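So this first bit is one chain, no partners, the form solved without the named molecule, shown in structure tokens.
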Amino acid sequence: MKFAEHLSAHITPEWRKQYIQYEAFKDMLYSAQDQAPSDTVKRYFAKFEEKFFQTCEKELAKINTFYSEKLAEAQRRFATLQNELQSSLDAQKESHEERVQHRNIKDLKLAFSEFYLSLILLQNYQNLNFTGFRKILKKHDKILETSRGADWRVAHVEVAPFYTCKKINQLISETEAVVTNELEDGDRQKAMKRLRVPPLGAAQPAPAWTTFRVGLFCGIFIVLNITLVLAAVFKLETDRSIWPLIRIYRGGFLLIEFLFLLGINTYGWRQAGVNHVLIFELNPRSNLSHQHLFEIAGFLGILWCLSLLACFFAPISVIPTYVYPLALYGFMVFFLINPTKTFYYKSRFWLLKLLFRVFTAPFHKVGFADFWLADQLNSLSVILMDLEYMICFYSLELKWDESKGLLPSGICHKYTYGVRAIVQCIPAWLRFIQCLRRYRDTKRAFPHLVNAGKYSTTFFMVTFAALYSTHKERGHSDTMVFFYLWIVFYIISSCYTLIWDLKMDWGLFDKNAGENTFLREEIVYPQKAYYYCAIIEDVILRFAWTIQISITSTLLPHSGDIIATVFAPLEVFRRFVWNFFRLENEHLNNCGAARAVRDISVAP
């Protein structure tokens, strides 16, 4: 009985402007209703109804025009796939060929599945637009105490082509018949199981077992944290240090914070209307939810706390303390490379495939998902540097003869060899090479080659930073020279990233901006406070991340160690607030070509 909310959750976000304006009409009715000349009123509503029915005529015209355009495109795509399949069967029947033709079959199958989803989306369009007309017209007659709404509906909407046409139904039946008599080789149970569209978007809930587990893992994590504070304030001794430890376990804290903050992004994208399932090309009918990410965050959270607490205590006296941390990372590695069909095997298979393509950048094309991860792995380098220290620490600074040799020179945590500089230039190198590939593939030097410059600036800042320090460590006479050259590149990079991420990424500061001062014309998120507040945060922390990478090759005192351990967490909160406005921008480009399905092509 709450249609407003029903339509607000059952609308294709890309076509949000082709759907009847229910709330505006309600405002109109309750406006003319709350305000009246209480002959004066007789002529007053003789003018309000004119406007009301006038607006209704325009809205019905829009739905009929939008409906006609989509049906034409549907007939075209149908003819397109029909020929490809006929040609494919003609080629296979007329005929390395098997493997390519196998994909050819797989390509044709994804094409017909994607086409069916589009026909269902168009059917649900007409169904929810007719329900809105009837429910609002009843509110009009019920508010104006008249019978004109009934007259209007029976003579206009009830005859409207958007509500009278009967070709989408035939097209849907034609496709399912072809998919069953051509691809499935005769099985409607398999064909329908493939072409059937379940509830999608923000109109489908999650299992209560997922909500329960999510909450359970969280509650254990909260208690195992208060314990680590007290135990860290009592059982620990001052005779030994806590830095080799803070160094290895700091990495795990960042990865868990990433998965937790990433689930809060999936939630905001879903409730705002940003179709991240089309931007990242994820199965439209089978995809994970914010709850599944919150669940994996809690699981690895408890695993981390128990390992560190077993290090503060001595649960076992036959087990060397330098095995708890090794088992934790060994476990996390297996949970991601499990060759069994369990624990989100399909979701993990996607991540394992993407990572490979993003670590072989120059040999593969770049899609939003591929480049987006490399920008995610460009804010998760502290994890790579922590892993770096751990490897050398257990190889050069670890006394296995001493069972308690895990927690006690520093060459493993220093860029004495540049290992903490080249490793710091791994994620930037991936994005630099991925950009050049895009340029070669697009033949456009803007923005493919201008952006490849934003990634190079880091190489210089990291290099000069490591050189000035080493020369100064040898007391050479090139200490101030490198120091000045270094600080120069630092400020250059800090601004070549802030501008490109507040202009070429978010897309704010638009010539076409009316009331949203310094903001794009159309903003998806609800409040304008979010955009203005995030702009301040990106600036404040864009000049505090170039310093956290220049202290990887400089801060002799443990003071610099505190700085690094206090910044790695804040950098994560920057990629988190930057994951909102980046995806939103990409969505506002699909809401212009009205693209609610992907464009799947077949192989010749």
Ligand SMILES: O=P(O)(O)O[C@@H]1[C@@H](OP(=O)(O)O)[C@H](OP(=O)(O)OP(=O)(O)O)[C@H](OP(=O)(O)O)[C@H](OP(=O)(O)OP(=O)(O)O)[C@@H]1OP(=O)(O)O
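Numbers for residues come from their place in the sequence shown, where the first is 1.
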| property | result |
| --- | --- |
| Size class of the missing deposited segment between residue 408 and residue 409 | 4 to 9 |
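Form deposited with the named molecule bound: not shown, discussed below.
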property: Triple contact flag 438, 443 and 595 to the named molecule in the deposited bound form, non-hydrogen atom at 4.5 angstroms; result: no
property: Proximity to the named molecule in the deposited bound form, single hit among 167, 528, 404, 190 (heavy atom within 4.5 Å); result: 190
property: Contact residue in the deposited bound form, chosen from 364, 399, 106, 472 - any heavy atom within 4.5 Å of the named molecule; result: 106
property: Answer range among 83-91, 345-353, 67-75, 156-164 for contact with the named molecule, defined in the deposited bound form as heavy atoms within 4.5 Å; result: 345-353
property: Distance check, residue 357 to the named molecule in the deposited bound form, heavy atom within 4.5 Å; result: no
property: Contact of residue 476 with the named molecule in the deposited bound form (heavy atom, 4.5 Å); result: no
property: Residue 431: touches the named molecule in the deposited bound form, heavy atom cutoff 4.5 angstroms; result: no
property: Interface membership of residue 102, the named molecule in the deposited bound form, 4.5 Å heavy atom rule; result: yes
property: Residues in 310-344 close to the named molecule in the deposited bound form, defined by a heavy atom within 4.5 Å, in order; result: 341
